[PDB]
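This is structure_25.pdb (PDB, C-alpha atoms and all ligand atoms).
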```
ATOM      1  CA  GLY A   1       0.000   0.000   0.000  1.00  0.00           C
ATOM      2  CA  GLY A   2       3.002   2.259  -0.132  1.00  0.00           C
ATOM      3  CA  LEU A   3       4.496   4.402  -2.936  1.00  0.00           C
ATOM      4  CA  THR A   4       6.901   2.652  -5.357  1.00  0.00           C
ATOM      5  CA  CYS A   5       9.186   3.997  -8.135  1.00  0.00           C
ATOM      6  CA  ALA A   6       7.334   3.828 -11.507  1.00  0.00           C
ATOM      7  CA  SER A   7       8.641   3.775 -15.067  1.00  0.00           C
ATOM      8  CA  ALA A   8      11.157   6.380 -16.056  1.00  0.00           C
ATOM      9  CA  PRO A   9       9.733   9.254 -17.990  1.00  0.00           C
ATOM     10  CA  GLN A  10      10.157   8.941 -21.778  1.00  0.00           C
ATOM     11  CA  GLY A  11      10.406  12.689 -22.357  1.00  0.00           C
ATOM     12  CA  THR A  12      10.543  16.156 -20.863  1.00  0.00           C
ATOM     13  CA  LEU A  13       8.612  19.289 -21.785  1.00  0.00           C
ATOM     14  CA  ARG A  14       9.918  22.733 -20.714  1.00  0.00           C
ATOM     15  CA  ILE A  15       7.439  25.610 -21.180  1.00  0.00           C
ATOM     16  CA  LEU A  16       8.381  29.299 -21.298  1.00  0.00           C
ATOM     17  CA  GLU A  17       6.280  32.313 -22.560  1.00  0.00           C
ATOM     18  CA  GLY A  18       7.877  34.302 -25.429  1.00  0.00           C
ATOM     19  CA  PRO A  19       6.784  37.252 -27.678  1.00  0.00           C
ATOM     20  CA  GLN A  20       8.169  37.915 -31.265  1.00  0.00           C
ATOM     21  CA  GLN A  21      10.363  40.436 -33.230  1.00  0.00           C
ATOM     22  CA  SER A  22       8.893  43.302 -35.316  1.00  0.00           C
ATOM     23  CA  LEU A  23      10.128  44.676 -38.655  1.00  0.00           C
ATOM     24  CA  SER A  24      13.497  46.513 -38.704  1.00  0.00           C
ATOM     25  CA  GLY A  25      12.745  50.213 -39.247  1.00  0.00           C
ATOM     26  CA  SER A  26      15.717  51.727 -37.378  1.00  0.00           C
ATOM     27  CA  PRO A  27      14.240  55.262 -36.836  1.00  0.00           C
ATOM     28  CA  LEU A  28      17.466  56.824 -35.505  1.00  0.00           C
ATOM     29  CA  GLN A  29      16.506  60.426 -34.550  1.00  0.00           C
ATOM     30  CA  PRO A  30      13.489  62.891 -34.304  1.00  0.00           C
ATOM     31  CA  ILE A  31      15.368  65.711 -36.109  1.00  0.00           C
ATOM     32  CA  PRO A  32      18.320  63.551 -37.375  1.00  0.00           C
ATOM     33  CA  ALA A  33      22.056  64.049 -38.200  1.00  0.00           C
ATOM     34  CA  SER A  34      24.106  67.105 -37.111  1.00  0.00           C
ATOM     35  CA  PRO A  35      22.224  69.915 -38.978  1.00  0.00           C
ATOM     36  CA  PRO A  36      24.798  72.392 -40.394  1.00  0.00           C
ATOM     37  CA  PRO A  37      25.361  76.012 -39.190  1.00  0.00           C
ATOM     38  CA  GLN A  38      24.499  78.392 -42.071  1.00  0.00           C
ATOM     39  CA  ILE A  39      24.262  81.896 -43.681  1.00  0.00           C
ATOM     40  CA  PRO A  40      21.523  84.412 -42.553  1.00  0.00           C
ATOM     41  CA  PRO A  41      19.851  85.530 -45.851  1.00  0.00           C
ATOM     42  CA  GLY A  42      21.082  88.828 -47.425  1.00  0.00           C
ATOM     43  CA  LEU A  43      22.937  89.974 -44.219  1.00  0.00           C
ATOM     44  CA  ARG A  44      24.337  93.208 -45.859  1.00  0.00           C
ATOM     45  CA  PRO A  45      27.600  94.975 -44.825  1.00  0.00           C
ATOM     46  CA  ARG A  46      27.288  96.561 -41.320  1.00  0.00           C
ATOM     47  CA  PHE A  47      30.371  98.826 -41.786  1.00  0.00           C
ATOM     48  CA  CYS A  48      31.711 101.424 -44.269  1.00  0.00           C
ATOM     49  CA  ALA A  49      35.041 103.216 -44.900  1.00  0.00           C
ATOM     50  CA  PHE A  50      35.583 106.903 -44.087  1.00  0.00           C
ATOM     51  CA  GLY A  51      35.474 109.379 -47.023  1.00  0.00           C
TER      52      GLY A  51
ATOM     53  CA  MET B   1      27.917  94.074 -13.998  1.00  0.00           C
ATOM     54  CA  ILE B   2      26.893  97.534 -15.399  1.00  0.00           C
ATOM     55  CA  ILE B   3      27.452  98.945 -18.975  1.00  0.00           C
ATOM     56  CA  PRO B   4      31.052 100.032 -19.538  1.00  0.00           C
ATOM     57  CA  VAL B   5      31.086 103.925 -19.953  1.00  0.00           C
ATOM     58  CA  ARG B   6      33.613 103.955 -22.879  1.00  0.00           C
ATOM     59  CA  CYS B   7      34.475 101.171 -25.404  1.00  0.00           C
ATOM     60  CA  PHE B   8      37.795  99.600 -24.356  1.00  0.00           C
ATOM     61  CA  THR B   9      39.655  99.337 -27.669  1.00  0.00           C
ATOM     62  CA  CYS B  10      38.657 102.880 -28.929  1.00  0.00           C
ATOM     63  CA  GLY B  11      37.183 104.927 -26.077  1.00  0.00           C
ATOM     64  CA  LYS B  12      33.915 105.827 -27.815  1.00  0.00           C
ATOM     65  CA  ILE B  13      31.275 106.432 -25.156  1.00  0.00           C
ATOM     66  CA  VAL B  14      28.716 103.611 -25.158  1.00  0.00           C
ATOM     67  CA  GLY B  15      27.391 104.085 -21.616  1.00  0.00           C
ATOM     68  CA  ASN B  16      24.400 106.075 -22.872  1.00  0.00           C
ATOM     69  CA  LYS B  17      23.212 103.565 -25.497  1.00  0.00           C
ATOM     70  CA  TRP B  18      22.183 100.815 -23.078  1.00  0.00           C
ATOM     71  CA  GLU B  19      18.599 101.934 -22.505  1.00  0.00           C
ATOM     72  CA  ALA B  20      18.255 103.024 -26.137  1.00  0.00           C
ATOM     73  CA  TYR B  21      19.546  99.616 -27.239  1.00  0.00           C
ATOM     74  CA  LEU B  22      17.060  97.853 -24.962  1.00  0.00           C
ATOM     75  CA  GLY B  23      14.254 100.052 -26.275  1.00  0.00           C
ATOM     76  CA  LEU B  24      15.010  99.356 -29.985  1.00  0.00           C
ATOM     77  CA  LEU B  25      15.150  95.569 -29.315  1.00  0.00           C
ATOM     78  CA  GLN B  26      11.695  95.709 -27.565  1.00  0.00           C
ATOM     79  CA  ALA B  27      10.494  97.460 -30.724  1.00  0.00           C
ATOM     80  CA  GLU B  28      11.097  94.609 -33.198  1.00  0.00           C
ATOM     81  CA  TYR B  29      14.627  95.355 -34.547  1.00  0.00           C
ATOM     82  CA  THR B  30      17.486  92.872 -34.944  1.00  0.00           C
ATOM     83  CA  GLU B  31      20.683  93.322 -32.959  1.00  0.00           C
ATOM     84  CA  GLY B  32      22.371  94.361 -36.199  1.00  0.00           C
ATOM     85  CA  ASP B  33      19.790  96.986 -37.133  1.00  0.00           C
ATOM     86  CA  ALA B  34      19.714  98.072 -33.488  1.00  0.00           C
ATOM     87  CA  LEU B  35      23.478  98.537 -33.226  1.00  0.00           C
ATOM     88  CA  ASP B  36      23.366 100.415 -36.534  1.00  0.00           C
ATOM     89  CA  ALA B  37      20.601 102.777 -35.385  1.00  0.00           C
ATOM     90  CA  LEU B  38      22.774 103.700 -32.374  1.00  0.00           C
ATOM     91  CA  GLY B  39      25.861 104.745 -34.339  1.00  0.00           C
ATOM     92  CA  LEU B  40      28.142 101.807 -33.457  1.00  0.00           C
ATOM     93  CA  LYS B  41      29.972 101.393 -36.761  1.00  0.00           C
ATOM     94  CA  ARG B  42      33.202  99.525 -36.024  1.00  0.00           C
ATOM     95  CA  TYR B  43      32.801  96.070 -34.529  1.00  0.00           C
ATOM     96  CA  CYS B  44      34.925  96.902 -31.483  1.00  0.00           C
ATOM     97  CA  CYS B  45      32.045  99.083 -30.271  1.00  0.00           C
ATOM     98  CA  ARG B  46      29.386  96.649 -31.466  1.00  0.00           C
ATOM     99  CA  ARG B  47      30.811  93.881 -29.282  1.00  0.00           C
ATOM    100  CA  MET B  48      30.664  96.218 -26.275  1.00  0.00           C
ATOM    101  CA  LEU B  49      26.846  96.245 -26.310  1.00  0.00           C
ATOM    102  CA  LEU B  50      26.090  93.028 -28.200  1.00  0.00           C
ATOM    103  CA  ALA B  51      27.841  90.891 -25.570  1.00  0.00           C
ATOM    104  CA  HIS B  52      27.027  92.838 -22.397  1.00  0.00           C
ATOM    105  CA  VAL B  53      25.538  90.871 -19.501  1.00  0.00           C
ATOM    106  CA  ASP B  54      23.636  93.135 -17.097  1.00  0.00           C
ATOM    107  CA  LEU B  55      24.313  91.533 -13.713  1.00  0.00           C
ATOM    108  CA  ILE B  56      23.510  94.721 -11.795  1.00  0.00           C
ATOM    109  CA  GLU B  57      19.869  93.692 -12.172  1.00  0.00           C
ATOM    110  CA  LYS B  58      20.485  90.377 -10.399  1.00  0.00           C
ATOM    111  CA  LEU B  59      22.606  91.807  -7.593  1.00  0.00           C
ATOM    112  CA  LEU B  60      19.935  94.462  -7.045  1.00  0.00           C
ATOM    113  CA  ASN B  61      17.525  91.804  -5.806  1.00  0.00           C
ATOM    114  CA  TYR B  62      19.002  90.657  -2.497  1.00  0.00           C
ATOM    115  CA  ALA B  63      17.916  92.467   0.641  1.00  0.00           C
ATOM    116  CA  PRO B  64      19.227  96.008   1.398  1.00  0.00           C
TER     117      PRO B  64
HETATM  118 ZN    ZN C 101      35.090 101.191 -30.208  1.00  0.00          ZN
END
```
Render the structure in this file as structure tokens.
Amino acid sequence: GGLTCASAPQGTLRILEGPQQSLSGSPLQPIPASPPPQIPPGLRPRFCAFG
Amino acid sequence: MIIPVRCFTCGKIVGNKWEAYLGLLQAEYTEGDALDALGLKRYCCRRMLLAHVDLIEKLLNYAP
């Protein structure tokens, strides 16, 4: 009436919960790159010679 | 701290164009047009007002 060893298991199942990968879009930056410093339009000379 | 009285390199007196400069900037004028309308021709004078930091207004805020 006691507990005895039974037949060895024939296989093992290991369960884990996993989600999946999306598409590669690689959206690097809101406003991207190093935007260049640049000329103010027209500007004009702010200096003249004497005479 | 407070506006220099005379431009350092030349000596031109710029200590009376501080309030006029502030008034022309409140009216919508660029710093270039503003410095022109004040008579600051050579850039040695223009740097004297363009790059002035008025720290007398921040010291004049702690108790007497
Ligand atoms: Zn000067």
Next on the checklist: Residues of chain B within 10 Å of chain A, counting all atoms listed in the file - could you list those as number ranges by chain?
Outcome noted: B: 32-33, 35-36, 40-43
Item to check | Matched chain/residue IDs from the PyMOL selection byres (((not hetatm)) within 9 of (chain C and resi 101)), as a ChimeraX atom specification | outcome: /B:6-14,40-48
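Note that CA of residue 64 (chain B) and CA of residue 16 (chain B) are 26.8 Å apart.
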Item to check | CA of residue 57 (chain B) to CA of residue 31 (chain B), distance in Å rounded to a single decimal | outcome: 20.8 Å
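Between CA of residue 50 (chain A) and CA of residue 49 (chain B) there is a distance of 22.5 Å.
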Any chance you could model N, CA, C and O atoms for region 20-36 of chain A and send them as an mmCIF file, keeping the file's coordinate frame?
```
data_model
loop_
_atom_site.group_PDB
_atom_site.id
_atom_site.type_symbol
_atom_site.label_atom_id
_atom_site.label_comp_id
_atom_site.auth_asym_id
_atom_site.auth_seq_id
_atom_site.Cartn_x
_atom_site.Cartn_y
_atom_site.Cartn_z
ATOM 1 N N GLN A 20 7.372 37.947 -29.998
ATOM 2 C CA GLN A 20 8.169 37.915 -31.265
ATOM 3 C C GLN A 20 8.798 39.258 -31.668
ATOM 4 O O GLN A 20 8.454 40.272 -31.028
ATOM 5 N N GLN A 21 9.674 39.272 -32.690
ATOM 6 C CA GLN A 21 10.363 40.436 -33.230
ATOM 7 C C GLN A 21 9.513 41.181 -34.258
ATOM 8 O O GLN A 21 8.828 40.559 -35.076
ATOM 9 N N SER A 22 9.539 42.532 -34.241
ATOM 10 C CA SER A 22 8.893 43.302 -35.316
ATOM 11 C C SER A 22 9.817 43.579 -36.495
ATOM 12 O O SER A 22 10.952 43.093 -36.533
ATOM 13 N N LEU A 23 9.335 44.353 -37.462
ATOM 14 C CA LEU A 23 10.128 44.676 -38.655
ATOM 15 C C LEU A 23 11.279 45.597 -38.266
ATOM 16 O O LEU A 23 11.129 46.408 -37.333
ATOM 17 N N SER A 24 12.441 45.516 -38.935
ATOM 18 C CA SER A 24 13.497 46.513 -38.704
ATOM 19 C C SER A 24 13.246 47.830 -39.425
ATOM 20 O O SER A 24 13.335 47.894 -40.656
ATOM 21 N N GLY A 25 12.937 48.886 -38.672
ATOM 22 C CA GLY A 25 12.745 50.213 -39.247
ATOM 23 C C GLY A 25 13.910 51.145 -38.933
ATOM 24 O O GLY A 25 14.261 51.998 -39.757
ATOM 25 N N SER A 26 14.511 51.001 -37.755
ATOM 26 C CA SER A 26 15.717 51.727 -37.378
ATOM 27 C C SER A 26 15.544 53.236 -37.503
ATOM 28 O O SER A 26 16.135 53.850 -38.399
ATOM 29 N N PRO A 27 14.574 53.837 -36.741
ATOM 30 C CA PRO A 27 14.240 55.262 -36.836
ATOM 31 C C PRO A 27 15.204 55.919 -35.848
ATOM 32 O O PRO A 27 14.869 56.078 -34.686
ATOM 33 N N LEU A 28 16.364 56.312 -36.351
ATOM 34 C CA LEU A 28 17.466 56.824 -35.505
ATOM 35 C C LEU A 28 17.182 58.103 -34.715
ATOM 36 O O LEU A 28 17.495 58.097 -33.521
ATOM 37 N N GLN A 29 16.614 59.149 -35.318
ATOM 38 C CA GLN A 29 16.506 60.426 -34.550
ATOM 39 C C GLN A 29 15.249 61.230 -34.901
ATOM 40 O O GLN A 29 14.787 61.127 -36.054
ATOM 41 N N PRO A 30 14.622 62.003 -33.964
ATOM 42 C CA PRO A 30 13.489 62.891 -34.304
ATOM 43 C C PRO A 30 13.969 63.832 -35.413
ATOM 44 O O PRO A 30 13.583 63.630 -36.550
ATOM 45 N N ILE A 31 14.733 64.867 -35.053
ATOM 46 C CA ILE A 31 15.368 65.711 -36.109
ATOM 47 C C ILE A 31 16.769 65.109 -36.244
ATOM 48 O O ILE A 31 17.611 65.348 -35.353
ATOM 49 N N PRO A 32 17.053 64.290 -37.280
ATOM 50 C CA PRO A 32 18.320 63.551 -37.375
ATOM 51 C C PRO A 32 19.592 64.199 -37.930
ATOM 52 O O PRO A 32 19.472 65.268 -38.507
ATOM 53 N N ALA A 33 20.752 63.580 -37.664
ATOM 54 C CA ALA A 33 22.056 64.049 -38.200
ATOM 55 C C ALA A 33 22.527 65.275 -37.411
ATOM 56 O O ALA A 33 21.822 65.666 -36.461
ATOM 57 N N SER A 34 23.689 65.833 -37.756
ATOM 58 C CA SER A 34 24.106 67.105 -37.111
ATOM 59 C C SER A 34 23.754 68.209 -38.110
ATOM 60 O O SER A 34 24.540 68.405 -39.058
ATOM 61 N N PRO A 35 22.620 68.935 -37.966
ATOM 62 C CA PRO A 35 22.224 69.915 -38.978
ATOM 63 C C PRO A 35 23.278 71.023 -39.046
ATOM 64 O O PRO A 35 23.680 71.529 -38.013
ATOM 65 N N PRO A 36 23.725 71.408 -40.256
ATOM 66 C CA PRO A 36 24.798 72.392 -40.394
ATOM 67 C C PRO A 36 24.516 73.856 -40.038
ATOM 68 O O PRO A 36 23.420 74.332 -40.276
#
```
